[PDB]
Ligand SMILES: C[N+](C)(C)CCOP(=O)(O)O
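Just one chain follows, in the form deposited without the named molecule, and it is written as structure tokens.
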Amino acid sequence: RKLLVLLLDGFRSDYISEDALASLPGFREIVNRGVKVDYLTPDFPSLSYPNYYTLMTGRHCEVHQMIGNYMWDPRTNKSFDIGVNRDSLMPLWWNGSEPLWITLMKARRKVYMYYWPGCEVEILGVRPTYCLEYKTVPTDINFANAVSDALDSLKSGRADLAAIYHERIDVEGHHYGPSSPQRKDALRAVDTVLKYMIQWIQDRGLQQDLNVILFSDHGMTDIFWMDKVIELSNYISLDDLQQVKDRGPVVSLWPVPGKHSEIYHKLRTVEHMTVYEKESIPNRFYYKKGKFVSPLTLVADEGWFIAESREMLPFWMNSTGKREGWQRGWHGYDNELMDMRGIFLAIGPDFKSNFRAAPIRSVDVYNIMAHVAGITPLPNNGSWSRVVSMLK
């Protein structure tokens, strides 16, 4: 039985509340004829690359090792800078756990991936059958064409799993905030493509041969520049830092030798964030055992934003002159915050219909995908008992 997987980045749980579903006929049909969980709780940190790998390994970030969008290895002095620099392709960052598409390839099944971050990497010596590499933010038309092409590759047997990544709901949530009309517009365009998807599956006679699983990596919450910005240089000298990675809710610090205690005690006094020495990170994050986790980790309170200085803030290109746009939504915070929740839906012969499932965790999704794909899951942290009742 074929499997199509849609990762809708930054799709917050309440984007398809009852109220919202009244005007979302694509999602409403999927809910009415398939499975919808209350919400999907992401891993900490509720950032993209960590949670992509959680979703596709069933393992917490401290196990699959992809603990940040930005990571640094003191041993080799290499960085993973949100998949952009060349050294992001190093297997060093990806070989901490085998993701589902690699396991499928190794069992000699076929995998087509469309814009999926990571499909462009040789992971544990293996690559998917097809990777349409992520380069820029895919358009709504890119998304619709990728769905139609995925259906054709699954129907013809060129693919047994097809996986599609869509970013634009995340983009508009960032640029205009989670409750803005621009985010809603990007969601409506997805809803429409999902209506065509339902129609195309009927056109092509796939209804009995195909499950579709949709999920998101995290939600989105309001941020408040410039009031709720923490500037590290107000408290410490950056020259006392060997390395800093990322800006926003979760920032990794590497003090210079001899300055660890000094930097820690200076930043512990700062309100609206929490400074964790690595051995003191909260256990419920399932994060502190990751080898790339930094000696100090800064976690901002919801809505706050941490950077070296205000001028290092990630302004975006709203005017094509310089990057002067302010960000109005963000994510990455404490994964048990309501606004960080994502979604999980499923439809097809293997799933119950009109079934309101209890909320699940990001680690739970891997067992579902492996089950309907007919591959034995590698050991993981998902709970079968949390998901088993949605299956037909």
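Note that residue numbering follows the sequence shown and begins at 1.
* To do: State which stretch shows the higher mean Cα B factor in the entry: 336-344 or 350-358.
  => According to the entry, 350-358 carries the higher average C-alpha B-factor.
* Name the higher of the two by mean Cα B-factor in the PDB entry, 21-29 versus 7-15. => Per the PDB entry, the higher value belongs to 21-29.
* Asked: Between 258, 99, 173, 249, which one tops the list for C-alpha B-factor in the PDB entry?
  -> That would be 258.
* Asked: Which has the highest CA B-factor per the PDB entry: 301, 167, 87, 239?
  -> Answer for 301, 167, 87, 239: 239, with the highest C-alpha B-factor.
* Cα B factor band for residue 328 (lowest, middle or highest third within the chain) -> As the PDB entry reports it, the C-alpha B-factor of residue 328 lands in the lowest third of its chain.
* Asked: residue 382's Cα B-factor: lowest, middle or highest third of the chain?
  -> Lowest third of the chain for residue 382's C-alpha B-factor.
* To do: Within this chain's modelled residues, let me know which third the CA B factor of residue 278 belongs to: lowest, middle or highest.
  => For residue 278, the deposited C-alpha B-factor lands in the middle third.
* To do: Would you check the entry's CA temperature factor for residue 209 and let me know if it's in the chain's lowest, middle or highest third?
  => Highest third, going by the recorded CA B-factors of the chain.
* Asked: Within this chain, which third does the Cα B-factor at residue 93 fall in: lowest, middle or highest?
  -> Middle third.
Omitted here: the form solved in complex with the named molecule. The next part is about that form.
* Choose from 178-186, 301-309, 265-273, 165-173 the stretch whose residues reach within 4.5 Å of the named molecule in the bound PDB entry, heavy atoms counted. => Result for this chain: 165-173.
* Between the options 241, 82, 293, 132, which residue brings a heavy atom to within 4.5 Å of the named molecule in the bound PDB entry? -> Checking each option against the named molecule in the bound PDB entry, the one that comes within 4.5 Å is 82.
* To do: Would you mind picking the one in 333, 49, 366, 344 that has a heavy atom within 4.5 Å of the named molecule in the bound PDB entry?
  => It is 49 that has a heavy atom within 4.5 Å of the partner.
* Look up in the bound PDB entry whether residue 255 has a non-hydrogen atom within 4.5 angstroms of the named molecule, and give yes or no. => Residue 255: no contact with the named molecule in the bound PDB entry.
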